$ cat entry09.pdb   # PDB, C-alpha atoms and all ligand atoms
ATOM      1  CA  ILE A   1      17.517 -38.785  64.134
ATOM      2  CA  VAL A   2      21.211 -38.366  65.018
ATOM      3  CA  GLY A   3      22.154 -36.319  68.084
ATOM      4  CA  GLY A   4      18.595 -35.903  69.322
ATOM      5  CA  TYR A   5      16.707 -37.013  72.402
ATOM      6  CA  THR A   6      13.843 -39.314  73.326
ATOM      7  CA  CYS A   7      10.707 -37.245  72.751
ATOM      8  CA  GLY A   8       8.544 -38.905  75.382
ATOM      9  CA  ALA A   9       5.474 -40.967  74.585
ATOM     10  CA  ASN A  10       2.889 -39.127  72.483
ATOM     11  CA  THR A  11       4.534 -35.702  72.893
ATOM     12  CA  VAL A  12       4.526 -35.309  69.072
ATOM     13  CA  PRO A  13       0.893 -36.364  68.503
ATOM     14  CA  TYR A  14       0.834 -35.499  64.777
ATOM     15  CA  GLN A  15       3.766 -37.849  64.041
ATOM     16  CA  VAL A  16       2.710 -41.003  62.206
ATOM     17  CA  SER A  17       4.626 -44.103  61.150
ATOM     18  CA  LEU A  18       3.996 -45.525  57.668
ATOM     19  CA  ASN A  19       4.044 -49.325  57.858
ATOM     20  CA  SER A  20       4.122 -51.902  55.052
ATOM     21  CA  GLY A  21       4.954 -54.852  57.295
ATOM     22  CA  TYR A  22       7.598 -52.703  59.005
ATOM     23  CA  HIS A  23       8.156 -48.996  59.603
ATOM     24  CA  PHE A  24       9.610 -47.329  56.500
ATOM     25  CA  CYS A  25       8.805 -43.596  56.675
ATOM     26  CA  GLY A  26       7.264 -40.919  58.826
ATOM     27  CA  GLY A  27       4.351 -38.622  58.066
ATOM     28  CA  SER A  28       2.274 -35.865  59.638
ATOM     29  CA  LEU A  29      -1.471 -35.936  60.396
ATOM     30  CA  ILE A  30      -3.064 -32.773  58.963
ATOM     31  CA  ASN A  31      -6.733 -33.657  59.589
ATOM     32  CA  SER A  32      -8.634 -36.715  60.743
ATOM     33  CA  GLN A  33      -8.526 -38.215  57.222
ATOM     34  CA  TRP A  34      -5.237 -37.040  55.685
ATOM     35  CA  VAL A  35      -1.490 -37.432  56.199
ATOM     36  CA  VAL A  36       1.300 -35.592  54.404
ATOM     37  CA  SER A  37       4.600 -37.382  53.745
ATOM     38  CA  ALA A  38       7.439 -37.430  51.187
ATOM     39  CA  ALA A  39       6.726 -38.546  47.622
ATOM     40  CA  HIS A  40       9.812 -40.766  47.779
ATOM     41  CA  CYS A  41       7.976 -42.728  50.497
ATOM     42  CA  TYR A  42       5.273 -43.744  48.010
ATOM     43  CA  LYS A  43       4.274 -47.390  47.819
ATOM     44  CA  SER A  44       1.050 -49.338  47.641
ATOM     45  CA  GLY A  45      -0.456 -51.042  50.679
ATOM     46  CA  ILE A  46       0.415 -48.437  53.295
ATOM     47  CA  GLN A  47      -0.932 -48.719  56.830
ATOM     48  CA  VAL A  48      -0.783 -45.472  58.799
ATOM     49  CA  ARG A  49       0.082 -45.918  62.482
ATOM     50  CA  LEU A  50      -0.998 -43.067  64.779
ATOM     51  CA  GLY A  51      -0.476 -42.627  68.499
ATOM     52  CA  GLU A  52       2.850 -44.506  68.417
ATOM     53  CA  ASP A  53       5.798 -44.222  70.722
ATOM     54  CA  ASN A  54       7.621 -47.577  70.734
ATOM     55  CA  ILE A  55       6.907 -48.833  67.192
ATOM     56  CA  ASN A  56       7.738 -52.408  68.240
ATOM     57  CA  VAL A  57       5.344 -52.576  71.240
ATOM     58  CA  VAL A  58       1.583 -52.076  71.510
ATOM     59  CA  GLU A  59       1.348 -49.596  74.378
ATOM     60  CA  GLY A  60      -2.372 -48.792  74.240
ATOM     61  CA  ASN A  61      -2.829 -45.483  72.382
ATOM     62  CA  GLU A  62      -2.269 -46.617  68.789
ATOM     63  CA  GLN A  63      -4.640 -46.428  65.848
ATOM     64  CA  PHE A  64      -3.770 -48.482  62.755
ATOM     65  CA  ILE A  65      -5.628 -47.354  59.600
ATOM     66  CA  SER A  66      -5.040 -48.432  56.010
ATOM     67  CA  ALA A  67      -4.594 -45.831  53.289
ATOM     68  CA  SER A  68      -7.412 -45.628  50.744
ATOM     69  CA  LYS A  69      -5.532 -43.419  48.265
ATOM     70  CA  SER A  70      -2.157 -41.774  47.792
ATOM     71  CA  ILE A  71      -1.529 -38.617  45.740
ATOM     72  CA  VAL A  72       2.061 -37.834  44.751
ATOM     73  CA  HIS A  73       2.711 -34.222  43.804
ATOM     74  CA  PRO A  74       2.132 -33.686  40.044
ATOM     75  CA  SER A  75       5.644 -32.246  39.618
ATOM     76  CA  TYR A  76       7.545 -34.738  41.781
ATOM     77  CA  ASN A  77      10.877 -35.635  40.168
ATOM     78  CA  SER A  78      12.362 -38.788  41.680
ATOM     79  CA  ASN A  79      15.795 -38.098  40.157
ATOM     80  CA  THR A  80      16.272 -34.730  41.923
ATOM     81  CA  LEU A  81      13.649 -35.066  44.708
ATOM     82  CA  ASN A  82      12.157 -31.730  43.614
ATOM     83  CA  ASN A  83       8.573 -31.500  44.956
ATOM     84  CA  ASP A  84       9.115 -34.387  47.435
ATOM     85  CA  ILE A  85       5.577 -34.349  48.879
ATOM     86  CA  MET A  86       2.575 -36.655  48.833
ATOM     87  CA  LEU A  87      -0.828 -36.908  50.485
ATOM     88  CA  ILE A  88      -2.272 -40.113  51.975
ATOM     89  CA  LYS A  89      -5.978 -40.485  52.689
ATOM     90  CA  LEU A  90      -7.078 -42.771  55.521
ATOM     91  CA  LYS A  91      -9.785 -45.349  54.799
ATOM     92  CA  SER A  92     -11.528 -44.297  58.037
ATOM     93  CA  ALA A  93     -11.149 -41.086  59.993
ATOM     94  CA  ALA A  94      -8.733 -41.171  62.909
ATOM     95  CA  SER A  95     -10.272 -40.642  66.338
ATOM     96  CA  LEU A  96      -8.643 -37.391  67.411
ATOM     97  CA  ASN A  97      -7.456 -37.114  71.022
ATOM     98  CA  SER A  98      -4.534 -35.695  73.000
ATOM     99  CA  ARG A  99      -2.193 -38.394  71.622
ATOM    100  CA  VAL A 100      -3.527 -38.386  68.019
ATOM    101  CA  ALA A 101      -3.779 -34.819  66.774
ATOM    102  CA  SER A 102      -3.373 -32.859  63.562
ATOM    103  CA  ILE A 103      -0.692 -30.226  62.885
ATOM    104  CA  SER A 104      -1.610 -26.916  61.257
ATOM    105  CA  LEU A 105      -0.356 -25.996  57.800
ATOM    106  CA  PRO A 106       1.689 -22.810  57.280
ATOM    107  CA  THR A 107      -0.010 -19.530  56.532
ATOM    108  CA  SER A 108       3.367 -18.256  55.209
ATOM    109  CA  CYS A 109       6.945 -19.505  54.945
ATOM    110  CA  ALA A 110       9.267 -19.464  57.953
ATOM    111  CA  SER A 111      12.437 -17.416  58.289
ATOM    112  CA  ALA A 112      16.030 -18.556  58.484
ATOM    113  CA  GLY A 113      17.006 -18.906  62.130
ATOM    114  CA  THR A 114      13.567 -20.056  63.277
ATOM    115  CA  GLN A 115      13.833 -23.072  65.546
ATOM    116  CA  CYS A 116      11.991 -26.223  64.515
ATOM    117  CA  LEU A 117      11.239 -29.663  65.924
ATOM    118  CA  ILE A 118      12.225 -32.608  63.702
ATOM    119  CA  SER A 119      11.171 -36.118  64.718
ATOM    120  CA  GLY A 120      11.274 -39.738  63.636
ATOM    121  CA  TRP A 121      12.247 -43.356  64.136
ATOM    122  CA  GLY A 122      15.233 -43.327  61.768
ATOM    123  CA  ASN A 123      18.871 -44.232  62.297
ATOM    124  CA  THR A 124      20.554 -42.567  65.277
ATOM    125  CA  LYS A 125      24.167 -43.111  64.128
ATOM    126  CA  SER A 126      26.159 -41.009  61.648
ATOM    127  CA  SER A 127      28.481 -43.958  60.926
ATOM    128  CA  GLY A 128      26.819 -47.341  61.137
ATOM    129  CA  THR A 129      23.268 -48.288  61.975
ATOM    130  CA  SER A 130      21.102 -48.305  65.090
ATOM    131  CA  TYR A 131      17.355 -47.917  64.965
ATOM    132  CA  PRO A 132      15.729 -46.614  68.192
ATOM    133  CA  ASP A 133      12.180 -48.046  68.540
ATOM    134  CA  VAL A 134      10.898 -45.019  70.538
ATOM    135  CA  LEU A 135      10.406 -41.659  68.829
ATOM    136  CA  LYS A 136      13.399 -39.322  68.684
ATOM    137  CA  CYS A 137      13.319 -35.534  68.529
ATOM    138  CA  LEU A 138      15.742 -32.814  67.429
ATOM    139  CA  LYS A 139      15.522 -29.039  67.819
ATOM    140  CA  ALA A 140      17.236 -27.361  64.874
ATOM    141  CA  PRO A 141      17.188 -23.975  63.097
ATOM    142  CA  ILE A 142      16.307 -23.244  59.499
ATOM    143  CA  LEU A 143      19.538 -22.380  57.675
ATOM    144  CA  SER A 144      20.032 -19.562  55.172
ATOM    145  CA  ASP A 145      19.328 -20.362  51.544
ATOM    146  CA  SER A 146      22.944 -19.497  50.662
ATOM    147  CA  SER A 147      24.434 -21.918  53.194
ATOM    148  CA  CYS A 148      22.026 -24.605  51.954
ATOM    149  CA  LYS A 149      22.922 -24.085  48.290
ATOM    150  CA  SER A 150      26.637 -23.858  49.149
ATOM    151  CA  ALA A 151      26.448 -27.240  50.869
ATOM    152  CA  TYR A 152      24.675 -28.856  47.881
ATOM    153  CA  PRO A 153      25.673 -26.936  44.738
ATOM    154  CA  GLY A 154      23.347 -27.636  41.840
ATOM    155  CA  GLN A 155      20.833 -29.612  43.925
ATOM    156  CA  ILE A 156      18.683 -27.131  45.916
ATOM    157  CA  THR A 157      15.493 -25.737  44.394
ATOM    158  CA  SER A 158      13.044 -23.189  45.730
ATOM    159  CA  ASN A 159      10.985 -26.177  46.982
ATOM    160  CA  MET A 160      13.699 -27.213  49.460
ATOM    161  CA  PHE A 161      15.312 -25.754  52.560
ATOM    162  CA  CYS A 162      18.065 -26.841  54.898
ATOM    163  CA  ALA A 163      17.874 -27.104  58.673
ATOM    164  CA  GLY A 164      20.359 -28.286  61.261
ATOM    165  CA  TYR A 165      23.970 -27.508  62.126
ATOM    166  CA  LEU A 166      26.873 -27.015  59.725
ATOM    167  CA  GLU A 167      29.275 -28.369  62.368
ATOM    168  CA  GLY A 168      27.534 -31.759  62.144
ATOM    169  CA  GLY A 169      26.488 -34.142  64.882
ATOM    170  CA  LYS A 170      22.725 -33.408  64.772
ATOM    171  CA  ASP A 171      20.504 -34.295  61.809
ATOM    172  CA  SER A 172      17.696 -36.430  60.464
ATOM    173  CA  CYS A 173      18.682 -39.722  58.815
ATOM    174  CA  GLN A 174      17.423 -42.780  56.916
ATOM    175  CA  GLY A 175      14.042 -43.870  58.267
ATOM    176  CA  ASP A 176      13.042 -40.314  59.185
ATOM    177  CA  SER A 177      11.969 -39.484  55.617
ATOM    178  CA  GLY A 178       8.469 -38.167  55.262
ATOM    179  CA  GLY A 179       8.299 -36.976  58.856
ATOM    180  CA  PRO A 180       7.648 -33.509  60.222
ATOM    181  CA  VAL A 181       9.610 -30.307  60.640
ATOM    182  CA  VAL A 182       7.407 -28.106  62.865
ATOM    183  CA  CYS A 183       8.252 -24.455  63.507
ATOM    184  CA  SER A 184       6.104 -22.090  65.561
ATOM    185  CA  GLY A 185       3.267 -24.616  65.563
ATOM    186  CA  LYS A 186       3.174 -25.076  61.764
ATOM    187  CA  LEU A 187       4.300 -27.938  59.509
ATOM    188  CA  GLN A 188       7.020 -26.148  57.507
ATOM    189  CA  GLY A 189       9.093 -29.124  56.347
ATOM    190  CA  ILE A 190       9.111 -32.789  55.404
ATOM    191  CA  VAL A 191      12.237 -34.902  55.917
ATOM    192  CA  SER A 192      13.533 -35.382  52.364
ATOM    193  CA  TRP A 193      17.261 -36.077  51.831
ATOM    194  CA  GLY A 194      20.878 -35.311  52.714
ATOM    195  CA  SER A 195      24.429 -36.466  52.174
ATOM    196  CA  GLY A 196      25.084 -39.067  54.839
ATOM    197  CA  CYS A 197      23.704 -38.010  58.231
ATOM    198  CA  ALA A 198      25.009 -35.410  60.678
ATOM    199  CA  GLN A 199      28.162 -34.764  58.609
ATOM    200  CA  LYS A 200      29.951 -31.427  58.711
ATOM    201  CA  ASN A 201      28.743 -28.959  56.054
ATOM    202  CA  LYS A 202      25.990 -31.370  54.918
ATOM    203  CA  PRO A 203      22.781 -30.356  56.704
ATOM    204  CA  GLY A 204      19.442 -32.035  56.190
ATOM    205  CA  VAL A 205      17.313 -31.027  53.204
ATOM    206  CA  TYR A 206      13.558 -30.672  53.693
ATOM    207  CA  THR A 207      10.586 -30.152  51.407
ATOM    208  CA  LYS A 208       9.354 -26.555  51.746
ATOM    209  CA  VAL A 209       5.721 -27.145  52.752
ATOM    210  CA  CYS A 210       4.691 -23.478  52.599
ATOM    211  CA  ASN A 211       4.940 -23.644  48.782
ATOM    212  CA  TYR A 212       2.329 -26.441  48.741
ATOM    213  CA  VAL A 213      -0.462 -25.210  51.026
ATOM    214  CA  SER A 214      -2.806 -24.291  48.162
ATOM    215  CA  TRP A 215      -2.182 -27.644  46.460
ATOM    216  CA  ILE A 216      -2.763 -29.516  49.737
ATOM    217  CA  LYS A 217      -6.014 -27.712  50.534
ATOM    218  CA  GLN A 218      -7.415 -28.008  47.013
ATOM    219  CA  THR A 219      -6.413 -31.666  46.671
ATOM    220  CA  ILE A 220      -7.972 -32.644  49.999
ATOM    221  CA  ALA A 221     -11.138 -30.703  49.216
ATOM    222  CA  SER A 222     -11.551 -32.590  45.910
ATOM    223  CA  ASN A 223     -10.671 -36.117  47.131
TER     224      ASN A 223
HETATM  225  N1  LIG B   1      18.939 -35.313  56.769
HETATM  226  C1  LIG B   1      19.526 -36.351  56.244
HETATM  227  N2  LIG B   1      20.834 -36.471  56.304
HETATM  228  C2  LIG B   1      18.730 -37.380  55.626
HETATM  229  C3  LIG B   1      17.286 -37.331  55.464
HETATM  230  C4  LIG B   1      16.750 -38.461  54.858
HETATM  231  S1  LIG B   1      18.037 -39.550  54.511
HETATM  232  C5  LIG B   1      19.242 -38.547  55.136
HETATM  233 CA    CA B   2       3.480 -48.942  69.749
END
$ encode --input "entry09.pdb" --output "structure tokens"
Amino acid sequence: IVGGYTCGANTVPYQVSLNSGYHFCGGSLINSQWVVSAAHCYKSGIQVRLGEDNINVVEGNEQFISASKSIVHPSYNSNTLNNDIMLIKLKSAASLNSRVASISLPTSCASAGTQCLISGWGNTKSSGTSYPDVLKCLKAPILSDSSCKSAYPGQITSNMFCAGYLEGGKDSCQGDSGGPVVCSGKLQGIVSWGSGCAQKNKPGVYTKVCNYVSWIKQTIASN
């Protein structure tokens, strides 16, 4: 997260870290047994880390649970990142508490201009590299479809939306992928891609979760 702020320990209790020997992506807890992340975060041997603040220090509220299965969206296209969504099932149910909690799925899509909370442990610099250890947060509005498509001609589908600031300076970044965009208490986005980070006229691009609620609910119910 570039241009954000330190969330505070466990203030984003649905935020998870995906670990394969190291943190590589975020995710969002949607019930005690299931996490939703980006398809481009897929790999085998994922451990889901819940209750994290400093990802390099055991602080006492963590739960570490291996994934038992991953389900990449049937229409995911790794070339274009269309349908950049996956589900991860936990081998054992998380113990839900005030610091490990699920986030509700949308009942409808969110409007342009709605303010959202974007979070993660990704790079905090728009030129260069610095990774923060504690969770970072950014408040940012959903941008109009036309400004999104103007920023990325030929690359935006109906399964993507943009959020952030066209002036630059505030954005998600590498290492945030798979993590949450929460608006009005609902998981509306997944950190997906962008051009650089926090650059002018290049806002972040997010998977549009509201298009996937039926797929999520049916897939979980059958797996
Ligand atoms: N929002 C961005 N610039 C981004 C997201 C994943 S990698 C870069
Ligand atoms: Ca920790």
$ residues_near_ligand --input "entry09.pdb" --ligand "ligand LIG 1 (chain B)" --cutoff "9 Å" --atoms "only C-alpha atoms and all ligand atoms" --output "PyMOL selection string"
chain A and resi 1-2+122+126+162-164+171-178+191-199+202-206
$ residues_near_ligand --input "entry09.pdb" --ligand "ligand CA 2 (chain B)" --cutoff "10 Å" --atoms "all atoms listed in the file" --output "ChimeraX atom specification"
/A:9,17,49-63,133-134
$ closest_residue --input "entry09.pdb" --among "A:14, A:212, A:152, A:161" --to "residue 30 in chain A" --atoms "all atoms listed in the file"
A:14
$ closest_residue --input "entry09.pdb" --among "A:149, A:139, A:99, A:73" --to "residue 184 in chain A" --atoms "all atoms listed in the file"
A:139
$ closest_residue --input "entry09.pdb" --among "A:8, A:120, A:185, A:27" --to "residue 105 in chain A" --atoms "only C-alpha atoms"
A:185
$ closest_residue --input "entry09.pdb" --among "A:121, A:88, A:68, A:83" --to "residue 23 in chain A" --atoms "all atoms listed in the file"
A:121
$ atom_distance --input "entry09.pdb" --atom1 "CA of residue 151 in chain A" --atom2 "CA of residue 215 in chain A"
29.0 Å
$ residues_around --input "entry09.pdb" --residues "residue 86 in chain A" --least-positions-apart "4" --cutoff "10 Å" --atoms "all atoms listed in the file" --output "list in words"
residues 27, 35, 36, 37, 38, 39, 40, 41, 42, 70, 71, 72, 73, 74, 76, 178 and 216 of chain A
